[PDB]
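Mapping of the sequence shown onto the authors' numbering: position 166 corresponds to residue 166, and the numbering continues sequentially without gaps.
Heads up, the thing below is written out as structure tokens.
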Amino acid sequence: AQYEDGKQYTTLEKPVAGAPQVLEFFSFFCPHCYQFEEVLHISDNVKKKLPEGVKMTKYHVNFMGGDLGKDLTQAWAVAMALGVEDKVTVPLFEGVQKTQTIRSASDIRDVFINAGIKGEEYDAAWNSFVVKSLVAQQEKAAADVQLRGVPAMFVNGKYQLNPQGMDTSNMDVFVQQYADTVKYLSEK
């Protein structure tokens, strides 16, 4: 066929009931994730090709960057709760991997302040139990699929994208193949 299991995707031998339709995992420490966000804009091109009625989820992971990796997962929980993902994603990525100006939870916090979230609002969120359960959700979704690598995308708790098996000579062609694959898997 044109889309082969083991080629543009793999099937999980244990599928995850009740999983989000399109579920993406990343880390702000993850070099391909930086590309995915800043250069390729994967999430956005996937969205543009997804059906109607399908929602998109993106979660941070703990297994890169030790203590700071965990702070970033909680910070991402704050971002999701406040709905400010689109304002902090790029400065968090650049602060970790480009400028290397993010070294502590306070430096993460500075990124939100600079993006205009008020100190009080951020700190209340950070400490909130809505943010605690949001962190729990991120952890459980990764645990549900025995996640050991990022970037990763899962469709319907059953299929895992396999970008290693797609042409990378042209970045645009790669992104469309990726997105067209998510769409195919979505309709599966």
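Each residue gets a CB set at the ideal place from its N, CA and C atoms; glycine is no exception.
When only Cα atoms are considered, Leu-134 and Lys-98 end up about 28 angstroms apart. With a beta-carbon spacing of about 13 angstroms, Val-145 and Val-22 fall beyond the 8 angstroms limit used to define contacts. DSSP places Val-150 outside any beta strand (DSSP E), giving it a letter other than H or E. Taking C-beta atoms under 8 angstroms as the contact rule, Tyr-9 and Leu-185 qualify, at a distance of about 6 angstroms. Ranking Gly-53, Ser-128, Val-88 and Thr-57 by CA distance to the CA of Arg-109 puts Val-88 first. By the Cβ-count criterion, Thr-73 is buried, with 16 or more other Cβ atoms from all chains shown falling within 10 Å of its own Cβ.
Apart from sequence neighbours up to five positions away, the residues of its chain that approach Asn-162 with a beta-carbon distance below 8 angstroms are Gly-6, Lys-7, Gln-8, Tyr-9 and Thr-10, ordered along the chain.
With respect to the C-alpha of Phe-36, the residue from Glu-4, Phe-93, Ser-169 and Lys-55 having the closest C-alpha is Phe-93.
By DSSP's assignment, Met-56 forms a beta bridge with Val-22. In the structure shown, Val-61 adopts coil according to DSSP, grouped into three states. Of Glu-4, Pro-20, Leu-12 and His-32, the smallest CA-CA separation from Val-150 is found for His-32. Between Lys-49 and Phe-26, the C-beta spacing is not below 9 angstroms. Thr-10 carries a strand assignment under DSSP once its states are collapsed to helix, strand and coil.
Annotated three-state conformation of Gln-176 is helix, per DSSP.
With fewer than 16 other Cβ atoms inside 10 Å of its own Cβ, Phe-129 counts as exposed. Comparing alpha carbon positions, the residue from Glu-52, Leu-68 and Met-56 closest to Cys-30 is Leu-68.
The beta carbon of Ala-81 is closer than 8 angstroms to those of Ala-125, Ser-128, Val-130, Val-131 and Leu-134 in its chain, skipping five residues each way along the sequence.
The Cβ-Cβ distance between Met-166 and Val-39 does not fall below 9 angstroms. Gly-65 and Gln-160 have their C-alpha atoms roughly 24 angstroms apart.
Closest option to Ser-106, judged by alpha-carbon separation, among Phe-63, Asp-86, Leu-147 and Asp-71: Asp-71.
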